[PDB]
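Shown below: input-v4.cif, with mmCIF, C-alpha atoms and all ligand atoms; chains and numbers go by the auth columns.
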```
data_final
#
loop_
_atom_site.group_PDB
_atom_site.id
_atom_site.type_symbol
_atom_site.label_atom_id
_atom_site.label_comp_id
_atom_site.label_asym_id
_atom_site.label_seq_id
_atom_site.Cartn_x
_atom_site.Cartn_y
_atom_site.Cartn_z
_atom_site.B_iso_or_equiv
_atom_site.auth_seq_id
_atom_site.auth_asym_id
ATOM 1 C CA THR A 1 0.000 0.000 0.000 0.00 1 A
ATOM 2 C CA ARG A 2 2.269 2.860 -1.218 0.00 2 A
ATOM 3 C CA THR A 3 1.307 5.785 -3.496 0.00 3 A
ATOM 4 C CA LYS A 4 2.834 9.153 -4.512 0.00 4 A
ATOM 5 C CA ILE A 5 1.007 12.510 -4.348 0.00 5 A
ATOM 6 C CA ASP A 6 1.250 14.701 -7.499 0.00 6 A
ATOM 7 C CA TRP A 7 4.165 16.928 -8.617 0.00 7 A
ATOM 8 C CA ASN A 8 1.830 18.716 -11.066 0.00 8 A
ATOM 9 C CA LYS A 9 -0.580 19.703 -8.280 0.00 9 A
ATOM 10 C CA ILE A 10 2.359 21.253 -6.401 0.00 10 A
ATOM 11 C CA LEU A 11 3.739 23.106 -9.462 0.00 11 A
ATOM 12 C CA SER A 12 0.340 24.774 -9.952 0.00 12 A
ATOM 13 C CA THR B 1 26.734 33.016 28.718 0.00 1 B
ATOM 14 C CA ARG B 2 23.077 33.341 27.564 0.00 2 B
ATOM 15 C CA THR B 3 21.534 36.187 25.516 0.00 3 B
ATOM 16 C CA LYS B 4 18.279 36.793 23.570 0.00 4 B
ATOM 17 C CA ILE B 5 18.096 38.037 19.954 0.00 5 B
ATOM 18 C CA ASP B 6 15.646 40.925 19.308 0.00 6 B
ATOM 19 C CA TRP B 7 11.843 40.765 18.885 0.00 7 B
ATOM 20 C CA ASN B 8 11.869 44.280 17.373 0.00 8 B
ATOM 21 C CA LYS B 9 14.298 43.235 14.633 0.00 9 B
ATOM 22 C CA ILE B 10 11.921 40.398 13.723 0.00 10 B
ATOM 23 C CA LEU B 11 8.776 42.596 13.762 0.00 11 B
ATOM 24 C CA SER B 12 10.433 44.936 11.239 0.00 12 B
ATOM 25 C CA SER C 1 18.012 14.032 4.929 0.00 1 C
ATOM 26 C CA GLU C 2 16.897 15.591 8.242 0.00 2 C
ATOM 27 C CA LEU C 3 14.308 17.658 6.352 0.00 3 C
ATOM 28 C CA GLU C 4 12.541 14.288 6.186 0.00 4 C
ATOM 29 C CA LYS C 5 12.026 13.787 9.941 0.00 5 C
ATOM 30 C CA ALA C 6 11.862 17.561 10.499 0.00 6 C
ATOM 31 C CA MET C 7 9.007 17.938 7.987 0.00 7 C
ATOM 32 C CA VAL C 8 7.033 15.280 9.876 0.00 8 C
ATOM 33 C CA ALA C 9 7.559 17.340 13.013 0.00 9 C
ATOM 34 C CA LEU C 10 6.260 20.519 11.313 0.00 10 C
ATOM 35 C CA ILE C 11 3.175 18.643 10.046 0.00 11 C
ATOM 36 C CA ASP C 12 2.498 17.412 13.591 0.00 12 C
ATOM 37 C CA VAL C 13 3.170 20.879 15.048 0.00 13 C
ATOM 38 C CA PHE C 14 0.449 22.158 12.706 0.00 14 C
ATOM 39 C CA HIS C 15 -2.218 19.948 14.349 0.00 15 C
ATOM 40 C CA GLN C 16 -0.614 20.093 17.818 0.00 16 C
ATOM 41 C CA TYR C 17 -1.743 23.713 18.511 0.00 17 C
ATOM 42 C CA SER C 18 -4.097 24.529 15.598 0.00 18 C
ATOM 43 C CA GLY C 19 -6.656 21.897 16.679 0.00 19 C
ATOM 44 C CA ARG C 20 -6.161 22.773 20.357 0.00 20 C
ATOM 45 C CA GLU C 21 -9.185 25.092 20.445 0.00 21 C
ATOM 46 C CA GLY C 22 -11.414 27.154 18.118 0.00 22 C
ATOM 47 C CA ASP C 23 -11.461 26.391 14.375 0.00 23 C
ATOM 48 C CA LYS C 24 -8.854 23.713 13.583 0.00 24 C
ATOM 49 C CA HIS C 25 -9.071 24.664 9.880 0.00 25 C
ATOM 50 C CA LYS C 26 -7.849 28.282 10.404 0.00 26 C
ATOM 51 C CA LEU C 27 -5.686 29.970 13.083 0.00 27 C
ATOM 52 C CA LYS C 28 -6.951 33.037 14.963 0.00 28 C
ATOM 53 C CA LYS C 29 -4.525 35.496 16.606 0.00 29 C
ATOM 54 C CA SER C 30 -5.533 34.014 20.001 0.00 30 C
ATOM 55 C CA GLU C 31 -4.515 30.473 18.928 0.00 31 C
ATOM 56 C CA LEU C 32 -1.360 31.766 17.231 0.00 32 C
ATOM 57 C CA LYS C 33 -0.360 33.597 20.416 0.00 33 C
ATOM 58 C CA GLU C 34 -0.289 30.186 22.073 0.00 34 C
ATOM 59 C CA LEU C 35 1.773 28.805 19.175 0.00 35 C
ATOM 60 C CA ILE C 36 4.370 31.584 19.479 0.00 36 C
ATOM 61 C CA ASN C 37 4.403 31.459 23.323 0.00 37 C
ATOM 62 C CA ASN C 38 4.052 27.633 23.539 0.00 38 C
ATOM 63 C CA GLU C 39 6.800 26.721 20.996 0.00 39 C
ATOM 64 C CA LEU C 40 8.992 29.812 21.586 0.00 40 C
ATOM 65 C CA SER C 41 8.246 30.413 25.289 0.00 41 C
ATOM 66 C CA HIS C 42 11.593 31.991 26.359 0.00 42 C
ATOM 67 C CA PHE C 43 13.904 30.500 23.696 0.00 43 C
ATOM 68 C CA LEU C 44 13.925 33.712 21.599 0.00 44 C
ATOM 69 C CA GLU C 45 10.422 35.292 21.518 0.00 45 C
ATOM 70 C CA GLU C 46 8.505 35.944 24.778 0.00 46 C
ATOM 71 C CA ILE C 47 4.851 36.961 24.286 0.00 47 C
ATOM 72 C CA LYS C 48 3.143 38.860 27.094 0.00 48 C
ATOM 73 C CA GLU C 49 1.303 41.568 25.073 0.00 49 C
ATOM 74 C CA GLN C 50 -1.191 41.490 22.207 0.00 50 C
ATOM 75 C CA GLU C 51 0.922 44.149 20.434 0.00 51 C
ATOM 76 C CA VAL C 52 3.568 41.555 19.529 0.00 52 C
ATOM 77 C CA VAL C 53 0.770 39.293 18.392 0.00 53 C
ATOM 78 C CA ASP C 54 -0.930 42.156 16.544 0.00 54 C
ATOM 79 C CA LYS C 55 2.318 43.138 14.818 0.00 55 C
ATOM 80 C CA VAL C 56 3.151 39.470 14.205 0.00 56 C
ATOM 81 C CA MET C 57 -0.309 38.866 12.685 0.00 57 C
ATOM 82 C CA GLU C 58 0.001 41.796 10.274 0.00 58 C
ATOM 83 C CA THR C 59 3.139 39.959 9.142 0.00 59 C
ATOM 84 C CA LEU C 60 1.180 36.711 8.492 0.00 60 C
ATOM 85 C CA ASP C 61 -2.457 37.756 8.547 0.00 61 C
ATOM 86 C CA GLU C 62 -1.687 40.162 5.723 0.00 62 C
ATOM 87 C CA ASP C 63 -5.408 39.859 5.014 0.00 63 C
ATOM 88 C CA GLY C 64 -6.305 41.667 8.236 0.00 64 C
ATOM 89 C CA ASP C 65 -9.106 39.166 8.735 0.00 65 C
ATOM 90 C CA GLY C 66 -7.564 38.483 12.158 0.00 66 C
ATOM 91 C CA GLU C 67 -6.797 34.943 10.945 0.00 67 C
ATOM 92 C CA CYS C 68 -3.745 32.957 9.751 0.00 68 C
ATOM 93 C CA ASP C 69 -3.937 29.989 7.364 0.00 69 C
ATOM 94 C CA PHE C 70 -1.613 26.991 7.484 0.00 70 C
ATOM 95 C CA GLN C 71 0.407 28.620 4.672 0.00 71 C
ATOM 96 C CA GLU C 72 0.536 31.944 6.577 0.00 72 C
ATOM 97 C CA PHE C 73 1.543 30.279 9.860 0.00 73 C
ATOM 98 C CA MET C 74 4.217 28.234 8.083 0.00 74 C
ATOM 99 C CA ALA C 75 5.820 31.495 6.946 0.00 75 C
ATOM 100 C CA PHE C 76 6.130 32.667 10.561 0.00 76 C
ATOM 101 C CA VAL C 77 8.559 29.818 11.185 0.00 77 C
ATOM 102 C CA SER C 78 10.658 30.980 8.225 0.00 78 C
ATOM 103 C CA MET C 79 10.861 34.517 9.588 0.00 79 C
ATOM 104 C CA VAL C 80 11.973 33.238 12.990 0.00 80 C
ATOM 105 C CA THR C 81 14.252 30.679 11.294 0.00 81 C
ATOM 106 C CA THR C 82 15.866 33.518 9.355 0.00 82 C
ATOM 107 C CA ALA C 83 16.264 35.621 12.513 0.00 83 C
ATOM 108 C CA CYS C 84 17.572 32.682 14.562 0.00 84 C
ATOM 109 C CA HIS C 85 20.194 31.990 11.866 0.00 85 C
ATOM 110 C CA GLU C 86 21.432 35.589 12.194 0.00 86 C
ATOM 111 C CA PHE C 87 22.321 34.693 15.812 0.00 87 C
ATOM 112 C CA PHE C 88 25.229 32.727 14.301 0.00 88 C
ATOM 113 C CA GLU C 89 27.890 35.155 13.059 0.00 89 C
ATOM 114 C CA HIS C 90 31.257 34.419 11.434 0.00 90 C
ATOM 115 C CA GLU C 91 32.569 33.030 14.743 0.00 91 C
ATOM 116 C CA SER D 1 7.404 21.943 21.608 0.00 1 D
ATOM 117 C CA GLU D 2 8.735 19.881 18.676 0.00 2 D
ATOM 118 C CA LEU D 3 9.060 23.087 16.620 0.00 3 D
ATOM 119 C CA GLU D 4 12.057 23.601 18.915 0.00 4 D
ATOM 120 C CA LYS D 5 14.094 20.559 17.802 0.00 5 D
ATOM 121 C CA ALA D 6 12.558 20.720 14.312 0.00 6 D
ATOM 122 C CA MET D 7 13.688 24.341 13.836 0.00 7 D
ATOM 123 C CA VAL D 8 17.251 23.294 14.710 0.00 8 D
ATOM 124 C CA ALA D 9 16.975 20.654 12.000 0.00 9 D
ATOM 125 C CA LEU D 10 15.805 23.215 9.407 0.00 10 D
ATOM 126 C CA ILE D 11 18.697 25.551 10.339 0.00 11 D
ATOM 127 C CA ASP D 12 21.147 22.659 9.866 0.00 12 D
ATOM 128 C CA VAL D 13 19.437 21.598 6.615 0.00 13 D
ATOM 129 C CA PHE D 14 20.087 25.135 5.364 0.00 14 D
ATOM 130 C CA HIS D 15 23.886 24.720 5.673 0.00 15 D
ATOM 131 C CA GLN D 16 23.812 20.977 4.897 0.00 16 D
ATOM 132 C CA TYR D 17 23.166 21.473 1.125 0.00 17 D
ATOM 133 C CA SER D 18 23.555 25.250 0.602 0.00 18 D
ATOM 134 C CA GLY D 19 27.267 25.201 1.520 0.00 19 D
ATOM 135 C CA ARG D 20 27.795 21.928 -0.361 0.00 20 D
ATOM 136 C CA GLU D 21 29.067 23.691 -3.502 0.00 21 D
ATOM 137 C CA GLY D 22 28.934 27.086 -5.260 0.00 22 D
ATOM 138 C CA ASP D 23 27.974 30.208 -3.274 0.00 23 D
ATOM 139 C CA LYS D 24 26.964 29.208 0.271 0.00 24 D
ATOM 140 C CA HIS D 25 25.299 32.626 0.711 0.00 25 D
ATOM 141 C CA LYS D 26 22.731 32.103 -2.118 0.00 26 D
ATOM 142 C CA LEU D 27 21.179 28.993 -3.724 0.00 27 D
ATOM 143 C CA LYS D 28 21.339 28.461 -7.498 0.00 28 D
ATOM 144 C CA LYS D 29 18.822 26.218 -9.302 0.00 29 D
ATOM 145 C CA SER D 30 21.604 23.600 -9.638 0.00 30 D
ATOM 146 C CA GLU D 31 22.164 23.486 -5.842 0.00 31 D
ATOM 147 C CA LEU D 32 18.414 23.571 -5.166 0.00 32 D
ATOM 148 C CA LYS D 33 17.885 20.620 -7.516 0.00 33 D
ATOM 149 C CA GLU D 34 20.132 18.665 -5.174 0.00 34 D
ATOM 150 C CA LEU D 35 18.127 19.927 -2.180 0.00 35 D
ATOM 151 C CA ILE D 36 14.819 18.790 -3.703 0.00 36 D
ATOM 152 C CA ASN D 37 16.261 15.466 -4.975 0.00 37 D
ATOM 153 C CA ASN D 38 18.514 14.880 -1.914 0.00 38 D
ATOM 154 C CA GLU D 39 15.875 15.570 0.808 0.00 39 D
ATOM 155 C CA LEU D 40 12.833 14.440 -1.237 0.00 40 D
ATOM 156 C CA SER D 41 14.485 11.714 -3.351 0.00 41 D
ATOM 157 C CA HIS D 42 11.463 9.391 -3.872 0.00 42 D
ATOM 158 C CA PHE D 43 9.408 10.303 -0.778 0.00 43 D
ATOM 159 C CA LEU D 44 7.025 12.563 -2.760 0.00 44 D
ATOM 160 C CA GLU D 45 8.967 14.609 -5.379 0.00 45 D
ATOM 161 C CA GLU D 46 11.359 12.858 -7.821 0.00 46 D
ATOM 162 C CA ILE D 47 13.542 15.232 -9.860 0.00 47 D
ATOM 163 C CA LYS D 48 14.969 13.950 -13.141 0.00 48 D
ATOM 164 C CA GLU D 49 14.348 16.992 -15.405 0.00 49 D
ATOM 165 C CA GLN D 50 15.304 20.656 -15.220 0.00 50 D
ATOM 166 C CA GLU D 51 11.675 21.535 -16.084 0.00 51 D
ATOM 167 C CA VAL D 52 10.528 20.622 -12.560 0.00 52 D
ATOM 168 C CA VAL D 53 13.436 22.641 -11.242 0.00 53 D
ATOM 169 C CA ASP D 54 12.675 25.488 -13.656 0.00 54 D
ATOM 170 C CA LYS D 55 8.995 25.513 -12.663 0.00 55 D
ATOM 171 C CA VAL D 56 9.936 25.085 -8.997 0.00 56 D
ATOM 172 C CA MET D 57 12.396 28.003 -9.215 0.00 57 D
ATOM 173 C CA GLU D 58 9.817 30.353 -10.735 0.00 58 D
ATOM 174 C CA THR D 59 7.842 29.504 -7.593 0.00 59 D
ATOM 175 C CA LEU D 60 10.752 30.547 -5.307 0.00 60 D
ATOM 176 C CA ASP D 61 13.127 32.443 -7.565 0.00 61 D
ATOM 177 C CA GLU D 62 10.289 34.834 -8.320 0.00 62 D
ATOM 178 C CA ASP D 63 13.100 37.237 -9.180 0.00 63 D
ATOM 179 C CA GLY D 64 14.095 35.185 -12.220 0.00 64 D
ATOM 180 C CA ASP D 65 17.726 35.774 -11.299 0.00 65 D
ATOM 181 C CA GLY D 66 18.104 31.980 -11.384 0.00 66 D
ATOM 182 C CA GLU D 67 18.806 32.112 -7.635 0.00 67 D
ATOM 183 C CA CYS D 68 16.952 31.338 -4.369 0.00 68 D
ATOM 184 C CA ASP D 69 17.689 33.039 -1.042 0.00 69 D
ATOM 185 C CA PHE D 70 17.389 31.342 2.341 0.00 70 D
ATOM 186 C CA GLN D 71 13.963 33.002 2.709 0.00 71 D
ATOM 187 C CA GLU D 72 12.915 31.797 -0.773 0.00 72 D
ATOM 188 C CA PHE D 73 14.149 28.237 -0.167 0.00 73 D
ATOM 189 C CA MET D 74 12.401 28.140 3.218 0.00 74 D
ATOM 190 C CA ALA D 75 9.098 28.808 1.426 0.00 75 D
ATOM 191 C CA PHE D 76 9.611 25.734 -0.766 0.00 76 D
ATOM 192 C CA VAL D 77 9.342 23.572 2.341 0.00 77 D
ATOM 193 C CA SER D 78 6.029 25.238 3.201 0.00 78 D
ATOM 194 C CA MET D 79 4.625 24.495 -0.249 0.00 79 D
ATOM 195 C CA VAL D 80 5.631 20.846 0.034 0.00 80 D
ATOM 196 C CA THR D 81 4.479 20.791 3.672 0.00 81 D
ATOM 197 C CA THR D 82 1.094 22.094 2.535 0.00 82 D
ATOM 198 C CA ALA D 83 0.889 19.496 -0.253 0.00 83 D
ATOM 199 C CA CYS D 84 2.068 16.653 2.002 0.00 84 D
ATOM 200 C CA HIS D 85 -0.633 17.569 4.549 0.00 85 D
ATOM 201 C CA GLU D 86 -3.281 17.209 1.816 0.00 86 D
ATOM 202 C CA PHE D 87 -2.210 13.545 1.594 0.00 87 D
ATOM 203 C CA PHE D 88 -4.076 13.116 4.895 0.00 88 D
ATOM 204 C CA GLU D 89 -7.826 13.213 4.260 0.00 89 D
ATOM 205 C CA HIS D 90 -10.714 12.835 6.708 0.00 90 D
ATOM 206 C CA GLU D 91 -9.830 9.149 7.189 0.00 91 D
HETATM 207 CA CA CA E . -6.793 26.367 14.091 0.00 101 E
HETATM 208 CA CA CA E . -5.026 35.943 6.710 0.00 102 E
HETATM 209 CA CA CA E . 24.442 28.001 -1.689 0.00 103 E
HETATM 210 CA CA CA E . 15.379 34.990 -6.314 0.00 104 E
#
```
Please render this file's structure as structure tokens.
Ligand SMILES: [Ca+2]
Ligand SMILES: [Ca+2]
Ligand SMILES: [Ca+2]
Ligand SMILES: [Ca+2]
Amino acid sequence: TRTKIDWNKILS
Amino acid sequence: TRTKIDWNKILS
Amino acid sequence: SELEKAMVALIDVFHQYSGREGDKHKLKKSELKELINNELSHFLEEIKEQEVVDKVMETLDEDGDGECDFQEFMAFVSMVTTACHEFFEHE
Amino acid sequence: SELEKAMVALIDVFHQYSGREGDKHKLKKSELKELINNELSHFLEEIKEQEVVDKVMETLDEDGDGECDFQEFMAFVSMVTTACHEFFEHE
């Protein structure tokens, strides 16, 4: 059970 | 040997 | 990679005082006063007047709504972090 | 009062990568790329392109001088701290 958030959401 | 920085410097 | 364990601490600090009383979603000058006096009791900033809080809020609560968001409160740490670093000079 | 030990960690993180190479006084996109990839290797942000760095610098290096000051770099942590917190939902 491992997932990554979102780099795009952080950029904008 | 103990001293405090300055709250005024931080405020502005 | 201390920023790793340190970031976890900042995330916990956010809920440690923000959800202590009032609206956990936003921080009001009264709750922030506890944050500044509870995490920086006598280490560098001692809060005993609302004027420090009022001046400190204008620095974060640049909205003047008498409130500080998680993003606005996070910036307060940076200002103190920048001032604390100045304590270290060339020596 | 974790912010106490956590702040010490952030102050050390500042010198840990900033004085690694180049100008220790200011951070250049190249040094910051190491900061983002060295403290956030695969935990949440993986850097493999300059585009992430270029977009991330416009977020901090809002001067466009291709440089980030301690105050500007400190804000990057807040942005990631704010995004990391979103990872936690109601459950
Ligand atoms: Ca709150
Ligand atoms: Ca505000
Ligand atoms: Ca540097
Ligand atoms: Ca800049």
Hey, what comes out of the PyMOL selection byres (((chain C and resi 80) around 12) and not hetatm) on this file? Could you write it as a PyMOL selection string? (chain B and resi 5-12) or (chain C and resi 36+39-40+43-45+56+59+73-79+81-87) or (chain D and resi 3-4+7-8+10-11+71+74)
Would you mind exporting the chosen residues as a PDB file, keeping the file's coordinate frame, restricted to C-alpha atoms?
```
ATOM      1  CA  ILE B   5      18.096  38.037  19.954  1.00  0.00           C
ATOM      2  CA  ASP B   6      15.646  40.925  19.308  1.00  0.00           C
ATOM      3  CA  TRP B   7      11.843  40.765  18.885  1.00  0.00           C
ATOM      4  CA  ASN B   8      11.869  44.280  17.373  1.00  0.00           C
ATOM      5  CA  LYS B   9      14.298  43.235  14.633  1.00  0.00           C
ATOM      6  CA  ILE B  10      11.921  40.398  13.723  1.00  0.00           C
ATOM      7  CA  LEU B  11       8.776  42.596  13.762  1.00  0.00           C
ATOM      8  CA  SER B  12      10.433  44.936  11.239  1.00  0.00           C
TER       9      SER B  12
ATOM     10  CA  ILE C  36       4.370  31.584  19.479  1.00  0.00           C
ATOM     11  CA  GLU C  39       6.800  26.721  20.996  1.00  0.00           C
ATOM     12  CA  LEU C  40       8.992  29.812  21.586  1.00  0.00           C
ATOM     13  CA  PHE C  43      13.904  30.500  23.696  1.00  0.00           C
ATOM     14  CA  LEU C  44      13.925  33.712  21.599  1.00  0.00           C
ATOM     15  CA  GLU C  45      10.422  35.292  21.518  1.00  0.00           C
ATOM     16  CA  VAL C  56       3.151  39.470  14.205  1.00  0.00           C
ATOM     17  CA  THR C  59       3.139  39.959   9.142  1.00  0.00           C
ATOM     18  CA  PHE C  73       1.543  30.279   9.860  1.00  0.00           C
ATOM     19  CA  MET C  74       4.217  28.234   8.083  1.00  0.00           C
ATOM     20  CA  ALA C  75       5.820  31.495   6.946  1.00  0.00           C
ATOM     21  CA  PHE C  76       6.130  32.667  10.561  1.00  0.00           C
ATOM     22  CA  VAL C  77       8.559  29.818  11.185  1.00  0.00           C
ATOM     23  CA  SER C  78      10.658  30.980   8.225  1.00  0.00           C
ATOM     24  CA  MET C  79      10.861  34.517   9.588  1.00  0.00           C
ATOM     25  CA  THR C  81      14.252  30.679  11.294  1.00  0.00           C
ATOM     26  CA  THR C  82      15.866  33.518   9.355  1.00  0.00           C
ATOM     27  CA  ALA C  83      16.264  35.621  12.513  1.00  0.00           C
ATOM     28  CA  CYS C  84      17.572  32.682  14.562  1.00  0.00           C
ATOM     29  CA  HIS C  85      20.194  31.990  11.866  1.00  0.00           C
ATOM     30  CA  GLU C  86      21.432  35.589  12.194  1.00  0.00           C
ATOM     31  CA  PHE C  87      22.321  34.693  15.812  1.00  0.00           C
TER      32      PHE C  87
ATOM     33  CA  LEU D   3       9.060  23.087  16.620  1.00  0.00           C
ATOM     34  CA  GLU D   4      12.057  23.601  18.915  1.00  0.00           C
ATOM     35  CA  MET D   7      13.688  24.341  13.836  1.00  0.00           C
ATOM     36  CA  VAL D   8      17.251  23.294  14.710  1.00  0.00           C
ATOM     37  CA  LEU D  10      15.805  23.215   9.407  1.00  0.00           C
ATOM     38  CA  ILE D  11      18.697  25.551  10.339  1.00  0.00           C
ATOM     39  CA  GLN D  71      13.963  33.002   2.709  1.00  0.00           C
ATOM     40  CA  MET D  74      12.401  28.140   3.218  1.00  0.00           C
TER      41      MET D  74
END
```
Carefully work through the PyMOL selection byres (((not hetatm)) within 8 of (chain E and resi 103)) for this structure and note down the residues it includes, as a PDB file with C-alpha atoms, keeping the file's coordinate frame.
```
ATOM      1  CA  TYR D  17      23.166  21.473   1.125  1.00  0.00           C
ATOM      2  CA  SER D  18      23.555  25.250   0.602  1.00  0.00           C
ATOM      3  CA  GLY D  19      27.267  25.201   1.520  1.00  0.00           C
ATOM      4  CA  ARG D  20      27.795  21.928  -0.361  1.00  0.00           C
ATOM      5  CA  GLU D  21      29.067  23.691  -3.502  1.00  0.00           C
ATOM      6  CA  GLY D  22      28.934  27.086  -5.260  1.00  0.00           C
ATOM      7  CA  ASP D  23      27.974  30.208  -3.274  1.00  0.00           C
ATOM      8  CA  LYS D  24      26.964  29.208   0.271  1.00  0.00           C
ATOM      9  CA  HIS D  25      25.299  32.626   0.711  1.00  0.00           C
ATOM     10  CA  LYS D  26      22.731  32.103  -2.118  1.00  0.00           C
ATOM     11  CA  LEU D  27      21.179  28.993  -3.724  1.00  0.00           C
ATOM     12  CA  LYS D  28      21.339  28.461  -7.498  1.00  0.00           C
ATOM     13  CA  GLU D  31      22.164  23.486  -5.842  1.00  0.00           C
TER      14      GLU D  31
END
```
As AutoDock Vina command-line options, please: the centre and edge lengths in Å, to one decimal, of an axis-aligned box enclosing every listed atom of range 1-9 of chain A with 5 Å added on each side.
```
--center_x 1.8 --center_y 9.9 --center_z -5.5 --size_x 14.7 --size_y 29.7 --size_z 21.1
```
ask   = Taking the file as shown, what set of residues would the PyMOL selection byres (((not hetatm)) within 8 of (chain E and resi 102)) give back, as number ranges by chain?
value = C: 60-69, 72
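Residues within 9 Å of residue 9 in chain C, counting all atoms listed in the file and excluding same-chain residues fewer than 6 positions away, are residues 2, 3, 5 and 6 of chain D.
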Checklist entry - Closest to chain A among D:16, D:1, D:30, D:41, using all atoms listed in the file? => result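 Residue with the minimum atom-to-atom distance to chain A: D:41.
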Would you save chain B to a file, keeping N, CA, C and O atoms, as a PDB file, in the first residue's frame?
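Produced file out_6.pdb, reproduced below:
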```
ATOM      1  N   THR B   1      26.675  32.402  30.077  1.00  0.00           N
ATOM      2  CA  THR B   1      26.734  33.016  28.718  1.00  0.00           C
ATOM      3  C   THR B   1      25.418  32.766  27.971  1.00  0.00           C
ATOM      4  O   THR B   1      25.337  31.899  27.122  1.00  0.00           O
ATOM      5  N   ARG B   2      24.388  33.525  28.269  1.00  0.00           N
ATOM      6  CA  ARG B   2      23.077  33.341  27.564  1.00  0.00           C
ATOM      7  C   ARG B   2      22.512  34.715  27.192  1.00  0.00           C
ATOM      8  O   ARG B   2      22.455  35.615  28.005  1.00  0.00           O
ATOM      9  N   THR B   3      22.098  34.876  25.963  1.00  0.00           N
ATOM     10  CA  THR B   3      21.534  36.187  25.516  1.00  0.00           C
ATOM     11  C   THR B   3      20.328  35.945  24.606  1.00  0.00           C
ATOM     12  O   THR B   3      20.152  34.870  24.067  1.00  0.00           O
ATOM     13  N   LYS B   4      19.492  36.939  24.438  1.00  0.00           N
ATOM     14  CA  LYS B   4      18.279  36.793  23.570  1.00  0.00           C
ATOM     15  C   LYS B   4      18.423  37.688  22.335  1.00  0.00           C
ATOM     16  O   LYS B   4      18.914  38.795  22.415  1.00  0.00           O
ATOM     17  N   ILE B   5      17.995  37.217  21.193  1.00  0.00           N
ATOM     18  CA  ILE B   5      18.096  38.037  19.954  1.00  0.00           C
ATOM     19  C   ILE B   5      17.263  39.309  20.138  1.00  0.00           C
ATOM     20  O   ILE B   5      17.332  39.955  21.164  1.00  0.00           O
ATOM     21  N   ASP B   6      16.471  39.686  19.159  1.00  0.00           N
ATOM     22  CA  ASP B   6      15.646  40.925  19.308  1.00  0.00           C
ATOM     23  C   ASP B   6      14.269  40.746  18.660  1.00  0.00           C
ATOM     24  O   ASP B   6      14.150  40.508  17.475  1.00  0.00           O
ATOM     25  N   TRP B   7      13.227  40.889  19.437  1.00  0.00           N
ATOM     26  CA  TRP B   7      11.843  40.765  18.885  1.00  0.00           C
ATOM     27  C   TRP B   7      11.612  41.931  17.911  1.00  0.00           C
ATOM     28  O   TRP B   7      11.020  41.778  16.869  1.00  0.00           O
ATOM     29  N   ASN B   8      12.078  43.100  18.258  1.00  0.00           N
ATOM     30  CA  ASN B   8      11.869  44.280  17.373  1.00  0.00           C
ATOM     31  C   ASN B   8      12.500  44.045  16.006  1.00  0.00           C
ATOM     32  O   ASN B   8      11.922  44.370  14.991  1.00  0.00           O
ATOM     33  N   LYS B   9      13.666  43.480  15.958  1.00  0.00           N
ATOM     34  CA  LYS B   9      14.298  43.235  14.633  1.00  0.00           C
ATOM     35  C   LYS B   9      13.391  42.319  13.814  1.00  0.00           C
ATOM     36  O   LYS B   9      13.229  42.488  12.620  1.00  0.00           O
ATOM     37  N   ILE B  10      12.807  41.342  14.450  1.00  0.00           N
ATOM     38  CA  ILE B  10      11.921  40.398  13.723  1.00  0.00           C
ATOM     39  C   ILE B  10      10.620  41.090  13.298  1.00  0.00           C
ATOM     40  O   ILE B  10      10.132  40.879  12.206  1.00  0.00           O
ATOM     41  N   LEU B  11      10.050  41.914  14.142  1.00  0.00           N
ATOM     42  CA  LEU B  11       8.776  42.596  13.762  1.00  0.00           C
ATOM     43  C   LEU B  11       9.007  43.441  12.512  1.00  0.00           C
ATOM     44  O   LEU B  11       8.167  43.515  11.639  1.00  0.00           O
ATOM     45  N   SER B  12      10.139  44.086  12.428  1.00  0.00           N
ATOM     46  CA  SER B  12      10.433  44.936  11.239  1.00  0.00           C
ATOM     47  C   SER B  12      11.932  45.253  11.196  1.00  0.00           C
ATOM     48  O   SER B  12      12.603  44.729  10.322  1.00  0.00           O
TER      49      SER B  12
END
```
